[PDB]
Structure formats: C-alpha cells, structure tokens
**Student:** 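Below is the structure I would like to discuss, written out as structure tokens.
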Amino acid sequence: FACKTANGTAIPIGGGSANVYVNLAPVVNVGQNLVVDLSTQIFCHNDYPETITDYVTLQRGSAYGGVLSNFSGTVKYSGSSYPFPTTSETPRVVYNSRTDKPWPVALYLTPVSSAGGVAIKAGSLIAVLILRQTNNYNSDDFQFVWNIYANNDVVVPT
Ligand SMILES: CCCCCCCO[C@@H]1C[C@@H](O)[C@H](O)[C@@H](CO)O1
C-alpha cells in the first residue's frame, strides 16, 4: 500500500509524510464554506490485492494557523461528515485494487463570526491529516502523514 499526491510526490510502503499544496477560494463570506477537497490531491492503491484487503481510515485531522483561528470545520470522509479538528478515528475505506483511487477526504470550513480580513495566509500550514493503513493479512499499522499548505491568501469580507 502506498500513496502519492497530484504532482507525484509519494509516500511508500510503510508510511511516512508528505506536503500537499492546495489552491483555495480567494474570497469566502461568513455563511459560506471554504472547501478543501483532498480527493483530487491524494491517491492510494493496494500492492497485493490478489490476497490482501487494505483498510484505510482518517485517524485524525488537526487544524493550524488561520483555519484553527478563523474557521469552524467539518471533514467529510467517504461522504460522511465529522467534526474537524477531529474527535475520533473514522470508519474504514477499503483499497482492493492496484489502480490509484482517491483518498476520499474533504474539509468544509466556514468562517467564525469574529473572522475578517486575511483569514488564511499564503504558504501557511492549514491542516495535518493522518491516514492510517492496516490490513487483513498481518500486523502492519502504518501512518501516512499529509501536511496541507495554502498556496494563496483567503480573505473574509467585512
Ligand atoms: C508473497 C507475499 C507478498 C506480500 C506482499 C506484502 C506487501 O505489503 C505492503 C504493505 C502492507 O501493509 C499492505 O497491506 C500490502 C498491500 O497493499 O502492501
């Protein structure tokens, strides 16, 4: 089991960490969602699907910088919504193919009432997402750590 980002940066068998740089909607009003869709950014596959079933969870998601300060967060994992920053490990997603499949993660961030101005700074760390991979074959328990960075400022109108 291994994963790669949209630009080809990979985390190999056994886990590790990688940076993900995301474009963000430049203007987000109070009452609206800023969507950070990682399903277009992170892709994974099973290296031995003939025999092994891989189990993949969002073990946890943490918020940083402007996102922690200025937004109220929800994460959708495989279509279901949970608090972000997270409060529990999600249900599993199975990877049973050698063909790359998106990691079905998206953040939905809505400004808090005190938010206004540059709510996310370009280049800043906005989130850390931990992908946990196990299987039905052995005792492997690996973490793939995704450090999410903003490519641009996000302005919340006042
Ligand atoms: C003949 C025996 C061959 C064993 C191959 C094991 C490959 O393991 C990796 C990491 C597992 O954690 C993972 O479950 C597996 C499949 O994605 O890929």
Side-chain angles (χ1 to χ4, degrees), residues 1-25 28 32-110 119-152 154:
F1 179 89
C3 302
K4 60 182 175 59
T5 69
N7 71 9
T9 303
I11 305 177
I13 289 164
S17 69
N19 299 331
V20 188
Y21 307 93
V22 297
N23 297 320
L24 301 168
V28 183
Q32 294 182 336
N33 286 323
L34 171 67
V35 180
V36 189
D37 185 9
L38 286 319
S39 75
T40 60
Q41 303 297 315
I42 301 172
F43 305 85
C44 306
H45 73 270
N46 183 330
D47 280 299
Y48 195 26
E50 292 85 1
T51 298
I52 303 176
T53 300
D54 288 325
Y55 302 126
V56 173
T57 65
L58 176 70
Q59 190 182 7
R60 69 169 169 275
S62 303
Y64 295 92
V67 170
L68 182 64
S69 296
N70 295 314
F71 292 84
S72 175
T74 300
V75 58
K76 281 195 189 184
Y77 191 66
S78 193
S80 291
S81 295
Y82 309 92
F84 175 82
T86 56
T87 54
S88 72
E89 177 168 12
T90 64
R92 314 203 285 202
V93 169
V94 164
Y95 286 73
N96 54 14
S97 181
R98 205 170 263 110
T99 303
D100 290 324
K101 164 166 105 167
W103 193 38
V105 178
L107 307 177
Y108 294 83
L109 314 170
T110 194
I120 298 171
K121 293 194 163 185
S124 64
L125 182 72
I126 61 171
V128 174
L129 311 175
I130 303 187
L131 181 166
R132 180 179 175 195
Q133 178 251 319
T134 56
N135 63 41
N136 69 346
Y137 178 78
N138 62 17
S139 65
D140 289 355
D141 192 345
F142 298 138
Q143 290 177 322
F144 295 67
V145 181
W146 307 99
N147 301 308
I148 315 305
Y149 291 89
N151 276 339
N152 56 272
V154 175

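Any value given below was found using the heavy atoms of this structure, including those in side chains, with hydrogens, waters and symmetry copies removed. Residue indices begin at 1 and follow the sequence shown.
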**Student:** To the nearest 0.5 Å, what is the distance between CD on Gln133 and OG1 on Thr57?
**Tutor:**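 With rounding to 0.5 Å, CD (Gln133) is 10.0 Å from OG1 (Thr57).
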**Student:** Using the side-chain contact (heavy atoms from CB on, under 4.5 Å) criterion, which residues pair with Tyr21? Sequence neighbours excluded.
**Tutor:**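 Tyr21 satisfies side-chain contact (heavy atoms from CB on, under 4.5 Å) with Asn19, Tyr149, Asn151 once adjacent residues are dropped.
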**Student:** Could you tell me which residues satisfy ring pair (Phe, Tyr, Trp, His ring centres under 6.0 Å) with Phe1, sequence neighbours excluded, listed by chain and number?
**Tutor:**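 By the ring pair (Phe, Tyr, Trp, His ring centres under 6.0 Å) rule, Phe1 matches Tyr95, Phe144.
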**Student:** What residues, two or more places apart in sequence or in another chain, satisfy side chain to side chain donor-acceptor pair (under 3.5 Å) together with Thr90?
**Tutor:**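 None.
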**Student:** What residues, two or more places apart in sequence or in another chain, satisfy side chain to side chain donor-acceptor pair (under 3.5 Å) together with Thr110?
**Tutor:**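 So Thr110 forms no side chain to side chain donor-acceptor pair (under 3.5 Å) with any residue.
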**Student:** About how many Å separate OG of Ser124 and CG of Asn152, when rounded to the nearest 0.5 Å?
**Tutor:**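 It is 9.5 Å, given to the nearest 0.5 Å.
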**Student:** Got a sec, which residues hit side-chain contact (heavy atoms from CB on, under 4.5 Å) with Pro12, two or more places apart in sequence or on another chain?
**Tutor:**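 Here no residue qualifies.
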**Student:** Provide the closest heavy-atom pair for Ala150 versus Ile120 in the form atom of the first, atom of the second, distance.
**Tutor:**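 In this case the closest contact between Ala150 and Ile120 is CB-CG2, 3.7 Å.
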**Student:** Can you name the nearest heavy-atom pair linking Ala2 to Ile11, along with the distance?
**Tutor:**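 So the minimum-distance heavy-atom pair works out to CB-O, 3.4 Å.
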**Student:** Among all residues two or more places apart in sequence or in another chain, which pass the side chain to side chain donor-acceptor pair (under 3.5 Å) test with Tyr77?
**Tutor:**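 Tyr77 satisfies side chain to side chain donor-acceptor pair (under 3.5 Å) with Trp103 once adjacent residues are dropped.
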**Student:** Could you tell me which non-hydrogen atom of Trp146 sits nearest to which non-hydrogen atom of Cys3, and how far apart they are?
**Tutor:**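 Closest approach of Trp146 to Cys3, heavy atoms only: CZ2-CB, 3.4 Å.
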**Student:** Hey, mind stepping through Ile126 and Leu107 against side-chain contact (heavy atoms from CB on, under 4.5 Å) and telling me if it holds?
**Tutor:** CA-CA 11 Å; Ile126 61 171; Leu107 307 177; 5.6 Å; no
**Student:** Taking side-chain contact (heavy atoms from CB on, under 4.5 Å) as the definition, give me every residue that meets it alongside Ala106, ordered by chain and number, with sequence neighbours left out.
**Tutor:**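 Here the qualifying residues are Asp37, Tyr108.
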**Student:** Applying side-chain contact (heavy atoms from CB on, under 4.5 Å), name anything that partners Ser97, two or more places apart in sequence or on another chain.
**Tutor:**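 In terms of side-chain contact (heavy atoms from CB on, under 4.5 Å), with neighbours along the sequence ignored, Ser97 is linked to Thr99.
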**Student:** Going by salt bridge (charged side-chain N to carboxylate O under 4.0 Å, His left out), name the residues that satisfy it together with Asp100, two or more places apart in sequence or in a different chain.
**Tutor:**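 Checked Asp100 against salt bridge (charged side-chain N to carboxylate O under 4.0 Å, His left out); matches are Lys4.
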**Student:** Between the side chain of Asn46 and the main-chain N/O of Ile52, is any donor-acceptor distance below 3.5 Å?
**Tutor:**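 Confirmed, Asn46 side chain pairs with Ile52 backbone.
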**Student:** Counting only N and O atoms by type, is there a donor-acceptor contact under 3.5 Å from the side chain of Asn33 to the main-chain atoms of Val35?
**Tutor:**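 No, the answer is negative, given that no donor and acceptor are paired below the 3.5 Å cut-off.
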**Student:** I'd like a table of donor-acceptor pairs (distance under 3.5 Å, sequence neighbours excluded) in which one partner is a side-chain atom from residues 60-76, with atom names and distances.
**Tutor:**
residue: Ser69; atom: OG; partner: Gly65; partner atom: O; Å: 3.2
residue: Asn70; atom: ND2; partner: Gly66; partner atom: O; Å: 3.4
residue: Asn70; atom: ND2; partner: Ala119; partner atom: O; Å: 2.9

**Student:** For the OG1 atom of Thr134 and the CD atom of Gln59, what is their distance to the nearest 0.5 Å?
**Tutor:**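 So the OG1 of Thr134 and the CD of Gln59 are separated by 10.0 Å.
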**Student:** Tell me every residue that passes side chain to side chain donor-acceptor pair (under 3.5 Å) with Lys101, counting only those two or more places apart in sequence or in another chain.
**Tutor:**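 So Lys101 forms no side chain to side chain donor-acceptor pair (under 3.5 Å) with any residue.
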**Student:** Roughly how far, to the nearest 0.5 Å, is the CG atom of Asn136 from the OH atom of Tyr55?
**Tutor:**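 Between atom OH of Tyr55 and atom CG of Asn136 there are 4.0 Å.
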**Student:** Any side-chain heavy atom of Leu131 within less than 4.5 Å of one from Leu129?
**Tutor:**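 They are not in side-chain contact.
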**Student:** Once salt bridge (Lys or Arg N to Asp or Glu O under 4.0 Å) is applied, what residue pairs with a partner in residues 38-54 remain, sequence neighbours excluded?
**Tutor:**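 Every salt bridge (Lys or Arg N to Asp or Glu O under 4.0 Å) pair that includes a residue of residues 38-54, provided the two are not neighbours, is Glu50-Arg98.
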**Student:** First locate atom CD of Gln41, then atom OG1 of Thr9, and finally report the distance between them rounded to the nearest 0.5 Å.
**Tutor:**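 Going from CD on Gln41 over to OG1 on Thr9, the span is 11.0 Å.
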**Student:** Any chance you could lay out the side-chain contact (heavy atoms from CB on, under 4.5 Å) test for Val22 and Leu38, step after step, and finish with the verdict?
**Tutor:** CA-CA 8 Å; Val22 297; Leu38 286 319; 4.1 Å; yes
**Student:** Give me the atom names and distance for the closest heavy-atom approach of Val20 to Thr5.
**Tutor:**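 Reported closest heavy-atom pair: CG2-CG2, 4.0 Å.
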